């Protein structure tokens, strides 16, 4: 049984989302529907993605480094490799383990990309003991086509390129080819302007061709888990949610065991979330997507008042998940 997968701590600070590695604080309904495969597991113990269920490092040993500058000094470093070139990755060759499943957002100095996934790391050659010191910086990472000359964002893995561009200047850029990329897997959100939205929007998510999509069933609507993720802006400048398909502990549990016997298609495994006032049910589909009986609502659900989580059991997907939330109570 998958009942163990979700317990109160998972939604009360133990749990981090599977995309940004930020602490989960809210549930975000997605009536429009969405698709996710990276670091996302199904009840069949499988992923259509390219990443293990952890946030370690993103490494690719065979990429091409370039920069566009009149001068070598103070340029934005660029690196890219073709999707499907990550031969060192056991899970999939589409991209290096932990590479973010978001479409690349193109930008030029002195601007920073809106709603970009950003990580810390740099250019590292396989033959070298250390990364090129001059290149270590915050980098936006994304999927794109047309690198390096005509970058375009893409949400389809096939024919894509895995690209990285520093959002802040590196003291000296490099043109080395081939050369490696090393970036930490836990990301921050780059925004020039204070937005309030959530990232990524469904249109930004990159998936493989076979990836199953999440769509509303009756009054039940797919949800993403909203996390607190640090935001990075204009340098030298005085100073919101990140969303993931699954809580990481759930993702890890699904990876560990095959749950085919427990659930059948047309069924959701259900848990009840109890708040100081009221309660709601959320359901997990066979494809690993979570649902709430929120219908058309896009309002974020605050987890601050969450008191308890307990299993309900397998239930028909067609049956409306309970949504009975009444402010704030000390109870």
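Positions refer to the first chain, counted from 1.
In the deposited sequence, the stretch from residue 239 to residue 240 hides 4 to 9 residues that have no coordinates. In the deposited entry, the stretch joining residue 196 to residue 197 is interrupted by 1 to 3 residues of the deposited sequence lacking coordinates.
Mean CA B-factor, 198-206 versus 86-94: the higher value falls on 86-94. Annotation for 26-34 versus 65-73: the higher mean temperature factor (C-alpha) is found in 65-73. The PDB entry assigns the greatest CA B-factor among 264, 284, 58, 280 to 264. The top Cα temperature factor in the record, among 138, 181, 130, 223, falls on 130. When all modelled residues of the chain are sorted by CA temperature factor, residue 51 is found within the lowest third. Among all modelled residues in its chain, residue 191 ranks in the highest third by Cα B-factor. Looking at the C-alpha B-factors along this chain, the one for residue 247 belongs to the lowest third. Looking at the C-alpha B-factors along this chain, the one for residue 307 belongs to the highest third. Annotation for residue 298: C-alpha temperature factor in the highest third relative to the rest of the modelled chain, per the entry.
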